[PDB]
């Protein structure tokens, strides 16, 4: 697929807001011509599917101003300082929900916005959980809930799990639970 590649002729950071950083590149496309590409520079993230002994999964409810709504999500956060994402996932599970896990399994890496961000999210399965306490960050508001996976899958079908990272977790979990993928 080499003949679809675009070659970067220049890059600059075009904007830095309070949170978002934008890179503007000029690229040479397969027609030999020059096009502008803009995208967000993102450190990456981790998300985890925390499977409780009773077979429910620990999830959160969190308001997302970008969309003006509350979402049901699996816990997640940004990579800090180029850390291994396993450390991200561990830290975020403890902070957002109060849990630790003895068994961590990497499932897959996803890209949520290939059109305009370099973000990748590493998705983990966390098992053999024990509870401590929630440690929420400044400006983070999050209610923790337990969800039966069968109810989750029905929520997906019904359009109530629109958060792509979480919906994808749900489908991988479904695969794991029916024993098709391990």
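Positions refer to the first chain, counted from 1.
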Handout entry: 111-119 or 141-149, whichever carries the higher mean Cα B-factor
Key = 141-149
Fill in the blank from the handout: Comparing mean C-alpha B factor in the record for 90-98 and 77-85, the higher one is 77-85
Practice task
Rank-wise, by C-alpha B-factor, drop residue 136 into the lowest, middle or highest third of its chain.
Solution key: highest
Problem - Chain-wide C-alpha B factor ranking for residue 69, given as lowest, middle or highest third - result: highest
Fill in the blank from the handout: In terms of its chain's C-alpha B-factors, the third that includes residue 58 is the middle
Exercise for the section: Quick one: classify residue 18 as lowest, middle or highest third of the chain based on its Cα B-factor. Expected result: highest
Handout entry: Ranked against its chain, the third holding the CA B-factor of residue 47
Key = lowest
